[PDB]
Amino acid sequence: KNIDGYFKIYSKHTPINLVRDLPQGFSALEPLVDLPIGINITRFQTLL
Amino acid sequence: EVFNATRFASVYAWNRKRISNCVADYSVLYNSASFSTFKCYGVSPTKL
Amino acid sequence: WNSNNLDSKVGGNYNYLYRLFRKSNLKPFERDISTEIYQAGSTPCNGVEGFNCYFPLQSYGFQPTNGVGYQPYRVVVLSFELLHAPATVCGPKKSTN
C-alpha cells in the first residue's frame with residue numbers, strides 16, 4: 001500500500017497443500033516494518 | 001455584412017463595428033472549415 | 001525570508017520558473033517535473049510550440065535593482081503529522097524511573 005508516501009508490507013506464511021481453488025480459510029496478515037520514503041508509485045512488476 | 005459584402009475598406013480607415021444588445025454564437029465561426037488562420041489570443045478558442 | 005545576495009543576480013534569473021497557463025492542476029502531495037507547452041484548442045503543442053502555443057513557465061527576473069516586491073524570497077514549507085505515525089524526530093529525552 002501507499003498512503004502519504006508511506007510503504008506498507010504485510011507478509012504472513014501459512015502452510016497449505018493445494019495447487020488451485022484457494023480454500024475458504026481465514027488467515028490474518030501482520031506488518032513487519034514501515035518504509036517512509038515519500039514518493040509516488042504507479043507501476044509495478046514481479047521478478048521470476 | 002462584416003464578413004460577406006460587396007467591398008471592404010483599407011487599413012488607414014478601417015470599418016469599426018460595435019456589437020451591443022445582441023446574443024452572439026461563436027460556434028459557427030469555428031466549424032466553418034474555410035478560414036486559413038484563426039489566431040485567438042488571451043482566451044482559449046473553445047472556452048470563450 | 002528575502003534573499004538580497006543569494007538569488008539576486010545581475011543577469012536575471014532563468015533557473016526558477018512558475019507554471020501559469022497549463023490546464024493540469026497540481027494536487028496536494030504531488031509533483032510534476034514535465035516541461036510542456038500550453039495547448040489552446042487545436043494544434044496540441046506539448047513541445048512543438050508555434051501557432052497557438054503559450055509559454056506557461058514564466059520567468060521571474062530576479063535583479064538587485066528592483067523593488068521589494070520583485071526580489072526573490074526563499075520559502076521553506078515544513079509539514080508533519082500528529083497522532084498518525086510513531087514519532088522519530090522527537091529528539092528523545094532521558095529515561096526516568
# chains A, B, ... in the order shown; residues from 1 in each chain; ligands from 1
call {"tool": "residues_around", "arguments": {"residues": "segment 76-80 of chain C", "least_positions_apart": "6", "cutoff": "12 Å", "atoms": "only C-alpha atoms", "output": "ChimeraX atom specification"}}
result
/A:4,38 /C:1-2,28-29,86-90
call {"tool": "interface_residues", "arguments": {"of": "chain B", "to": "chain C", "cutoff": "10 Å", "atoms": "only C-alpha atoms", "output": "VMD selection string"}}
result
chain B and resid 37 to 47
call {"tool": "interface_residues", "arguments": {"of": "chain C", "to": "chain A", "cutoff": "10 Å", "atoms": "only C-alpha atoms", "output": "ChimeraX atom specification"}}
result
/C:29-31,85
call {"tool": "atom_distance", "arguments": {"atom1": "atom CA of residue 97 of chain C", "atom2": "atom CA of residue 83 of chain C"}}
result
25.5 Å
call {"tool": "residues_around", "arguments": {"residues": "residue 32 of chain A", "least_positions_apart": "4", "cutoff": "9 Å", "atoms": "only C-alpha atoms", "output": "list in words"}}
result
residues 8, 9, 10 and 11 of chain A
call {"tool": "residues_around", "arguments": {"residues": "residue 68 of chain C", "least_positions_apart": "4", "cutoff": "12 Å", "atoms": "only C-alpha atoms", "output": "MDAnalysis selection string"}}
result
chainID C and resid 1:4 8 62:64 72:73
call {"tool": "residues_around", "arguments": {"residues": "segment 12-17 of chain A", "least_positions_apart": "3", "cutoff": "12 Å", "atoms": "only C-alpha atoms", "output": "list in words"}}
result
residues 9, 20, 21, 22, 23, 24, 25, 26, 27, 28, 29, 30, 31 and 32 of chain A
call {"tool": "write_last_selection", "arguments": {"atoms": "C-alpha atoms", "output": "tab-separated table (two decimals), in the first residue's frame"}}
result
chain	number	residue	atom	x	y	z
A	9	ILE	CA	4.38	-4.51	3.66
A	20	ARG	CA	-5.55	-24.16	-7.12
A	21	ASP	CA	-9.02	-23.26	-5.80
A	22	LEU	CA	-7.75	-21.43	-2.74
A	23	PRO	CA	-9.79	-22.62	0.28
A	24	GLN	CA	-12.25	-20.55	2.29
A	25	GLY	CA	-9.92	-20.49	5.31
A	26	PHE	CA	-9.07	-17.36	7.25
A	27	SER	CA	-5.59	-16.02	7.98
A	28	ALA	CA	-4.52	-12.56	9.13
A	29	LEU	CA	-1.59	-10.56	7.76
A	30	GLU	CA	0.81	-8.80	10.12
A	31	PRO	CA	3.15	-5.97	9.06
A	32	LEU	CA	6.90	-6.08	9.64
